[PDB]
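Next up, upload-v1.cif (mmCIF, C-alpha atoms):
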data_target
#
loop_
_atom_site.label_atom_id
_atom_site.label_comp_id
_atom_site.auth_asym_id
_atom_site.auth_seq_id
_atom_site.Cartn_x
_atom_site.Cartn_y
_atom_site.Cartn_z
CA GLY A 1 108.78 105.75 113.54
CA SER A 2 105.51 104.49 112.10
CA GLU A 3 104.11 107.92 111.24
CA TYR A 4 107.32 108.94 109.48
CA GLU A 5 107.60 105.71 107.48
CA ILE A 6 103.94 105.94 106.44
CA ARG A 7 104.30 109.57 105.38
CA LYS A 8 107.42 108.68 103.37
CA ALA A 9 105.73 105.73 101.66
CA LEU A 10 102.70 107.88 100.80
CA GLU A 11 104.92 110.56 99.26
CA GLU A 12 106.50 107.72 97.26
CA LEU A 13 103.03 106.66 96.10
CA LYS A 14 102.36 110.22 94.95
CA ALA A 15 105.53 110.17 92.84
CA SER A 16 104.62 106.82 91.28
CA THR A 17 101.06 108.03 90.65
CA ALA A 18 102.64 111.00 88.87
CA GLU A 19 104.64 108.85 86.46
CA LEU A 20 101.46 106.86 85.84
CA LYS A 21 99.66 109.96 84.54
CA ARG A 22 102.55 110.98 82.27
CA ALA A 23 102.57 107.39 81.02
CA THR A 24 98.80 107.21 80.56
CA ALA A 25 98.89 110.45 78.55
CA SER A 26 101.89 109.31 76.52
CA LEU A 27 100.04 106.05 75.87
CA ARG A 28 96.68 107.57 74.90
CA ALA A 29 98.55 109.67 72.32
CA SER A 30 100.29 106.75 70.61
CA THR A 31 96.97 104.89 70.51
CA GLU A 32 95.50 107.92 68.74
CA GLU A 33 98.32 107.94 66.18
CA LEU A 34 98.12 104.14 65.87
CA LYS A 35 94.48 104.00 64.78
CA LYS A 36 95.01 107.04 62.54
CA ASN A 37 98.01 105.51 60.72
CA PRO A 38 98.08 101.78 61.53
CA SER A 39 101.17 99.76 60.62
CA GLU A 40 103.25 96.90 61.99
CA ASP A 41 105.80 99.33 63.44
CA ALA A 42 103.05 101.52 64.90
CA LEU A 43 101.61 98.42 66.59
CA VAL A 44 104.97 97.32 68.02
CA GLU A 45 105.69 100.85 69.25
CA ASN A 46 102.25 100.97 70.86
CA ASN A 47 102.81 97.61 72.55
CA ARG A 48 106.13 98.85 73.94
CA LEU A 49 104.43 101.90 75.46
CA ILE A 50 101.72 99.66 76.93
CA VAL A 51 104.34 97.47 78.62
CA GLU A 52 106.10 100.55 80.01
CA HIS A 53 102.68 101.60 81.35
CA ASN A 54 101.89 98.22 82.91
CA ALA A 55 105.26 98.21 84.68
CA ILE A 56 104.51 101.61 86.22
CA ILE A 57 101.21 100.25 87.53
CA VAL A 58 103.14 97.33 89.02
CA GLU A 59 105.44 99.75 90.87
CA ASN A 60 102.35 101.66 92.06
CA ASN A 61 100.85 98.43 93.43
CA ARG A 62 104.17 97.56 95.09
CA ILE A 63 104.11 100.83 97.04
CA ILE A 64 100.43 100.36 97.92
CA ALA A 65 101.27 96.95 99.36
CA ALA A 66 104.11 98.46 101.41
CA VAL A 67 101.75 101.10 102.83
CA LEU A 68 99.21 98.43 103.74
CA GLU A 69 101.85 96.51 105.69
CA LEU A 70 102.91 99.67 107.54
CA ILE A 71 99.30 100.50 108.46
CA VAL A 72 98.71 96.95 109.72
CA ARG A 73 101.76 97.27 111.96
CA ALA A 74 100.64 100.69 113.19
CA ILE A 75 97.18 99.54 114.31
CA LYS A 76 98.45 96.44 116.16
CA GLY B 1 88.76 93.04 111.57
CA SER B 2 90.73 90.16 113.00
CA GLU B 3 94.52 90.11 113.02
CA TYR B 4 94.28 86.62 111.54
CA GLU B 5 92.15 87.58 108.53
CA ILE B 6 94.41 90.55 107.75
CA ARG B 7 97.56 88.44 108.09
CA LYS B 8 96.06 85.86 105.71
CA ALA B 9 94.98 88.51 103.19
CA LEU B 10 98.44 90.07 103.18
CA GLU B 11 99.96 86.63 102.51
CA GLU B 12 97.52 86.28 99.61
CA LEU B 13 98.65 89.67 98.30
CA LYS B 14 102.28 88.56 98.42
CA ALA B 15 101.45 85.43 96.40
CA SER B 16 99.67 87.56 93.79
CA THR B 17 102.54 90.07 93.82
CA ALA B 18 104.83 87.11 93.09
CA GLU B 19 102.86 86.07 90.01
CA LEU B 20 102.93 89.71 88.88
CA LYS B 21 106.73 89.64 89.01
CA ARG B 22 106.98 86.39 87.04
CA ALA B 23 104.52 87.89 84.55
CA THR B 24 106.19 91.30 84.22
CA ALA B 25 109.58 89.71 83.54
CA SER B 26 108.17 87.24 81.00
CA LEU B 27 106.24 90.06 79.32
CA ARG B 28 109.42 92.11 78.94
CA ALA B 29 111.27 89.11 77.49
CA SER B 30 108.59 88.65 74.83
CA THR B 31 108.55 92.39 74.09
CA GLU B 32 112.28 92.08 73.37
CA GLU B 33 111.67 89.25 70.90
CA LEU B 34 108.81 91.23 69.34
CA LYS B 35 110.93 94.29 68.55
CA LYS B 36 113.73 92.01 67.34
CA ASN B 37 111.47 90.03 64.98
CA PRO B 38 108.16 91.89 64.57
CA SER B 39 105.42 89.95 62.79
CA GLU B 40 101.68 89.30 62.90
CA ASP B 41 102.01 86.31 65.24
CA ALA B 42 104.67 88.01 67.37
CA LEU B 43 102.26 90.90 67.95
CA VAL B 44 99.30 88.62 68.69
CA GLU B 45 101.37 86.52 71.11
CA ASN B 46 102.56 89.75 72.74
CA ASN B 47 98.98 90.95 73.20
CA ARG B 48 98.06 87.64 74.84
CA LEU B 49 100.94 88.03 77.30
CA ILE B 50 99.87 91.62 78.04
CA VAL B 51 96.29 90.52 78.72
CA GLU B 52 97.44 87.73 81.03
CA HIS B 53 99.60 90.37 82.76
CA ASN B 54 96.73 92.85 83.15
CA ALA B 55 94.55 90.08 84.58
CA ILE B 56 97.13 89.42 87.29
CA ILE B 57 97.15 93.12 88.18
CA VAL B 58 93.36 92.95 88.51
CA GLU B 59 93.68 90.07 90.98
CA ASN B 60 96.34 92.03 92.90
CA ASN B 61 93.97 95.01 93.10
CA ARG B 62 91.14 92.73 94.22
CA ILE B 63 93.20 91.53 97.19
CA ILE B 64 94.26 95.10 97.99
CA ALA B 65 90.60 96.10 98.14
CA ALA B 66 89.83 93.21 100.48
CA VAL B 67 92.68 94.23 102.80
CA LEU B 68 91.43 97.81 102.83
CA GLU B 69 87.98 96.63 103.89
CA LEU B 70 89.45 94.48 106.67
CA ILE B 71 91.54 97.40 107.95
CA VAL B 72 88.52 99.72 107.92
CA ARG B 73 86.61 97.20 110.04
CA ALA B 74 89.51 96.71 112.44
CA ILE B 75 89.88 100.42 113.22
CA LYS B 76 86.18 101.16 113.85
CA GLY C 1 83.47 112.69 109.02
CA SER C 2 86.26 110.15 108.68
CA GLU C 3 83.93 107.15 108.86
CA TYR C 4 81.60 108.64 106.25
CA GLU C 5 84.37 109.63 103.84
CA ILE C 6 85.95 106.18 104.08
CA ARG C 7 82.59 104.48 103.52
CA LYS C 8 82.01 106.70 100.48
CA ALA C 9 85.49 106.06 99.07
CA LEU C 10 85.11 102.30 99.44
CA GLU C 11 81.77 102.43 97.61
CA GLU C 12 83.59 104.33 94.87
CA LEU C 13 86.26 101.62 94.78
CA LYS C 14 83.63 98.89 94.46
CA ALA C 15 82.04 100.68 91.49
CA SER C 16 85.48 100.94 89.86
CA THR C 17 86.18 97.27 90.57
CA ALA C 18 82.89 96.52 88.81
CA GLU C 19 83.96 98.54 85.76
CA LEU C 20 87.25 96.62 85.86
CA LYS C 21 85.37 93.32 85.69
CA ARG C 22 83.33 94.38 82.66
CA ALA C 23 86.52 95.58 80.96
CA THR C 24 88.46 92.39 81.73
CA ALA C 25 85.68 90.24 80.26
CA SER C 26 85.26 92.40 77.15
CA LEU C 27 89.04 92.56 76.71
CA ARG C 28 89.53 88.80 76.97
CA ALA C 29 86.74 88.34 74.41
CA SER C 30 88.51 90.47 71.80
CA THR C 31 91.70 88.55 72.59
CA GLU C 32 89.82 85.36 71.71
CA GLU C 33 88.53 86.88 68.46
CA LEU C 34 92.02 88.23 67.72
CA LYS C 35 93.84 84.89 67.87
CA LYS C 36 91.03 83.27 65.87
CA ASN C 37 91.08 85.86 63.06
CA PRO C 38 94.28 87.91 63.41
CA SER C 39 94.65 90.99 61.20
CA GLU C 40 96.11 94.48 61.45
CA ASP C 41 92.69 95.91 62.33
CA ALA C 42 92.06 93.12 64.84
CA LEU C 43 95.35 94.02 66.53
CA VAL C 44 94.69 97.76 66.61
CA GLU C 45 91.22 97.13 68.05
CA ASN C 46 92.69 94.82 70.70
CA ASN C 47 95.26 97.49 71.62
CA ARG C 48 92.44 100.03 72.02
CA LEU C 49 90.59 97.72 74.40
CA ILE C 50 93.79 97.06 76.37
CA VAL C 51 94.43 100.79 76.79
CA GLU C 52 90.84 101.34 77.91
CA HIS C 53 91.38 98.50 80.41
CA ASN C 54 94.68 99.92 81.68
CA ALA C 55 92.93 103.26 82.20
CA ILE C 56 90.32 101.64 84.46
CA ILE C 57 93.11 100.05 86.52
CA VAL C 58 94.61 103.53 86.91
CA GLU C 59 91.27 104.86 88.20
CA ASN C 60 91.08 101.89 90.59
CA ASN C 61 94.57 102.61 91.93
CA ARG C 62 93.65 106.29 92.28
CA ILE C 63 90.74 105.41 94.58
CA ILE C 64 92.89 102.94 96.52
CA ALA C 65 95.41 105.72 97.16
CA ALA C 66 92.64 108.01 98.38
CA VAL C 67 91.39 105.35 100.80
CA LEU C 68 94.91 104.85 102.12
CA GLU C 69 95.21 108.57 102.84
CA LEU C 70 91.86 108.57 104.64
CA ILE C 71 92.86 105.58 106.77
CA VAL C 72 96.19 107.17 107.71
CA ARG C 73 94.36 110.30 108.85
CA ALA C 74 91.83 108.24 110.81
CA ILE C 75 94.42 106.34 112.83
CA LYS C 76 96.43 109.43 113.80
#
Spit out the file's structure as structure tokens when you get a sec.
Amino acid sequence: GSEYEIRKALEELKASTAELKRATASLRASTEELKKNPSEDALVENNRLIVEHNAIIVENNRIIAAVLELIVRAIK
Amino acid sequence: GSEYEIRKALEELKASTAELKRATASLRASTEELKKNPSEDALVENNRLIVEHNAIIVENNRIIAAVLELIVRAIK
Amino acid sequence: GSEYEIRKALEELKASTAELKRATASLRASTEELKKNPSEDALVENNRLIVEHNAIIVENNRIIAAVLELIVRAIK
């Protein structure tokens, strides 16, 4: 049913939001170490963490878009 | 408000979501080449791809916000 | 009330979207300066701006998720 599917998708959004925090923290830390001890490797490692962070945002947006579609169906 | 405007906005969101996919994949491909052959230019090119990727996310979020506003009007 | 809380949350979202604009512009500017005069420092500074930009996106998604939860409660 619509209420169940929406509840499930929202719980999914919570989980994704949770990874996003752990990633944001992990990323803010590397950026701290990067500026403190800059180097080519430090830059590449920081870029890799940024990409991992962007991809988590993308998953977050994917779930948001799924919730929007479910809400639009529910209010029809 | 209208079912038509929401339908159209959700189709917009899908188009933006599609760019995001093409951008996320291409970003990950470049990140692979970066780690394989790190260099000044490799890093700079990687940053450019990340910025283009973040800008697509921003557009995605913009459409999400428009859909939210339309839903809020429709349910009043 | 539901209508008030949703109105307030959307105003929050708009303020965050505004911050996102200012970050996107400032970020793209550094990316222009970076490619023109690349250097280790230029790269580290660009990475800092990108992270600050990603963090605003995260705030934006946070508000979006709050609005979704308010809408789901309003249509029950």
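Computed after superposing chain C on chain B, the C-alpha RMSD over all in-order atom pairs is 0.7 Å.
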Practice item. Using the chain letters and residue numbers of this document, give as a PyMOL selection string the residues selected by the PyMOL selection byres ((chain A) within 7 of (chain C)). Key: chain A and resi 31+35+43
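Going from CA of residue 32 in chain A to CA of residue 46 in chain B covers 19.9 Å.
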Point to revise | For CA of residue 11 in chain C and CA of residue 67 in chain B, the interatomic separation in Å (one decimal) | key: 14.6 Å
Around all the atoms of range 27-39 of chain B listed in the file, with 3 Å of room on each side, what axis-aligned box do you get, giving centre and edge lengths in Å to one decimal, as lines of an AutoDock Vina configuration file?
center_x = 109.6
center_y = 91.5
center_z = 71.1
size_x = 14.3
size_y = 11.6
size_z = 22.5
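CA of residue 15 in chain A sits 20.1 Å away from CA of residue 2 in chain A.
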Practice item. Decode the PyMOL selection byres ((chain B and resi 9) around 9) for the given file into explicit residues and return them as a PyMOL selection string. Key: chain B and resi 4-8+10-14+63-64+66-67+70
Point to revise | Residues selected by the PyMOL selection byres ((chain A and resi 23) around 9), written as a ChimeraX atom specification | key: /A:18-22,24-28,49-50,52-53,56
Given the block above, output range 47-60 of chain A with N, CA, C and O atoms as a tab-separated table (two decimals), in the first residue's frame.
chain	number	residue	atom	x	y	z
A	47	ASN	N	40.65	13.68	-3.28
A	47	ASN	CA	39.72	13.61	-4.40
A	47	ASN	C	38.90	12.33	-4.36
A	47	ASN	O	37.70	12.33	-4.64
A	48	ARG	N	39.55	11.20	-4.04
A	48	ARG	CA	38.84	9.93	-3.99
A	48	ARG	C	37.74	9.96	-2.93
A	48	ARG	O	36.63	9.46	-3.16
A	49	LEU	N	38.03	10.55	-1.77
A	49	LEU	CA	37.01	10.66	-0.73
A	49	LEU	C	35.89	11.59	-1.16
A	49	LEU	O	34.72	11.36	-0.81
A	50	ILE	N	36.22	12.64	-1.91
A	50	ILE	CA	35.18	13.55	-2.39
A	50	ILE	C	34.24	12.83	-3.35
A	50	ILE	O	33.02	13.01	-3.29
A	51	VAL	N	34.80	12.02	-4.25
A	51	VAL	CA	33.97	11.28	-5.19
A	51	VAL	C	33.07	10.29	-4.46
A	51	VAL	O	31.88	10.16	-4.77
A	52	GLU	N	33.63	9.57	-3.48
A	52	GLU	CA	32.80	8.69	-2.66
A	52	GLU	C	31.68	9.46	-1.98
A	52	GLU	O	30.58	8.93	-1.80
A	53	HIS	N	31.94	10.71	-1.60
A	53	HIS	CA	30.92	11.54	-0.96
A	53	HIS	C	29.87	11.99	-1.96
A	53	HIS	O	28.66	11.92	-1.67
A	54	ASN	N	30.29	12.43	-3.14
A	54	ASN	CA	29.33	12.84	-4.17
A	54	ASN	C	28.39	11.70	-4.52
A	54	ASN	O	27.19	11.91	-4.72
A	55	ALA	N	28.93	10.48	-4.64
A	55	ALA	CA	28.11	9.33	-5.01
A	55	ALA	C	27.07	9.01	-3.95
A	55	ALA	O	25.98	8.53	-4.28
A	56	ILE	N	27.38	9.26	-2.68
A	56	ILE	CA	26.40	9.06	-1.62
A	56	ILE	C	25.30	10.10	-1.72
A	56	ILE	O	24.12	9.79	-1.51
A	57	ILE	N	25.65	11.35	-2.04
A	57	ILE	CA	24.62	12.35	-2.28
A	57	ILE	C	23.71	11.90	-3.42
A	57	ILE	O	22.48	12.02	-3.34
A	58	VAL	N	24.30	11.36	-4.49
A	58	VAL	CA	23.51	10.93	-5.63
A	58	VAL	C	22.49	9.87	-5.21
A	58	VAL	O	21.33	9.91	-5.63
A	59	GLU	N	22.92	8.91	-4.39
A	59	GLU	CA	21.99	7.90	-3.88
A	59	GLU	C	20.89	8.55	-3.04
A	59	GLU	O	19.72	8.17	-3.14
A	60	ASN	N	21.27	9.52	-2.20
A	60	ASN	CA	20.30	10.27	-1.41
A	60	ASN	C	19.26	10.94	-2.31
A	60	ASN	O	18.05	10.83	-2.06
